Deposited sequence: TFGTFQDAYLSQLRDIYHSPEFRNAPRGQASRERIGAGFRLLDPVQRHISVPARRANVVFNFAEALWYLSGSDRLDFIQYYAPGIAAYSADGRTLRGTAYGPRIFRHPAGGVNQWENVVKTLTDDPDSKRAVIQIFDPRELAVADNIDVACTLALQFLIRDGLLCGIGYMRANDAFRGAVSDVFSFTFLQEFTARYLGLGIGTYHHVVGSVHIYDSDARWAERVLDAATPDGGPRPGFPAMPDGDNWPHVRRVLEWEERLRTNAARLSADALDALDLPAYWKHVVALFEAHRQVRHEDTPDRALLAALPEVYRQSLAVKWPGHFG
């Protein structure tokens, strides 16, 4: 049990790096590994990693979570924030196992919107043990030479004492890289759903079959070992997400830009204005426009620190 994700993240990283159970090479990727590992977070909203040596990217973290909420499998959207994710696209256009959006909202088994069914299940029986979003699909292992097999099995939500608890079940999790964005996204979905249901945030449980540090990340993991997040507004945030996704697409494609004062004047809750400002900052970097230091100064300090460490030549 940990208070924040960063404490759990660093504890687990130390366990795997210094006390691995196995050394092996699944699909040729040499790794340190432990089997059957998990942790509990008492405060899932505190979902960010701020250790400067880790250079956690809060823009990618929100982008991935909103990519899921958009229901999209398109590579162009997410590789803009994480160019290396193109390695898992067989067609150069879409992602399969990596794209949890379609798994949540139009699952390959029947096209089912599982998020809606979970909300209906919890509304009809608040104590339900059945409110599960299935991610994995049985046909993924029937694909020959599949380069992108879902590694999350399911997400479960439970309403307990007026709080929404969440459980993420994964068959495998990269303890150094993937875990940072997976726990961010799963606790983001948990909070989003809690707000929608009018509930407080309960605990988050992460449970993983194989937790591992790839040997190719050993040096960076060692640098990290040698070294408040704001709350989403109450209620139904879908209208805000739709507007943020509109700004996301226009900024990513450089079809729009917004100054610091334009951002502050957007008709959005402050929480979501800051997410749009992250995307405008990222546009300045990727499309080589003038970095806006007034933009940076208006962000929450957690975001300011992420930007200054990720892009010190722009925001440092």
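Unmodelled region of the deposited chain sequence (numbering from residue 1): 228 to 236 only.
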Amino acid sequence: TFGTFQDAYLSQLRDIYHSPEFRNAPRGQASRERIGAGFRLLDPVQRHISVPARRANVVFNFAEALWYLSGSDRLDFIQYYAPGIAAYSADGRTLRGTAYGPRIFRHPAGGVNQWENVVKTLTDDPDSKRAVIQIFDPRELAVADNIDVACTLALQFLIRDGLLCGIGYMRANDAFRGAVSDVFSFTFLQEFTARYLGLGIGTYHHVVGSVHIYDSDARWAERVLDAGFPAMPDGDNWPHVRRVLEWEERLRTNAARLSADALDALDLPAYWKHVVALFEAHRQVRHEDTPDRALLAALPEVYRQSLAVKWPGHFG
From here on, numbers count along this sequence of modelled residues.
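Coordinates for residue 304 are present in every one of the other compared entries of this protein that model residues on both sides of it, well short of the third needed to count it as often missing.
Compared with other entries of the same protein, residue 293 falls in the group left without coordinates by at least a third of them, where both flanks are modelled. Note on 58 to 66 vs 258 to 266: mean CA B-factor is higher in 258 to 266. Relative to its counterpart among 149 to 157 and 213 to 221, 213 to 221 has the higher mean temperature factor, C-alpha atoms as listed in the PDB entry.
Within the group 139, 103, 205, 240, the record's highest C-alpha temperature factor is found at 240.
Comparing the C-alpha B-factors of 185, 117, 79, 123 in the entry, the top value falls on 123. Sort the chain's modelled residues by C-alpha temperature factor and residue 22 lands in the highest third, per the entry. Ranked by Cα temperature factor within the chain, residue 176 sits in the middle third according to the deposited record.
Ranked within its chain, residue 226 lands in the highest third, by CA B factor from the PDB record. When the CA B factors of the chain's modelled residues are split into thirds, the value for residue 166 lands in the lowest one.
Placement of the Cα temperature factor of residue 135 within the chain: lowest third of the modelled residues, per the deposited record.
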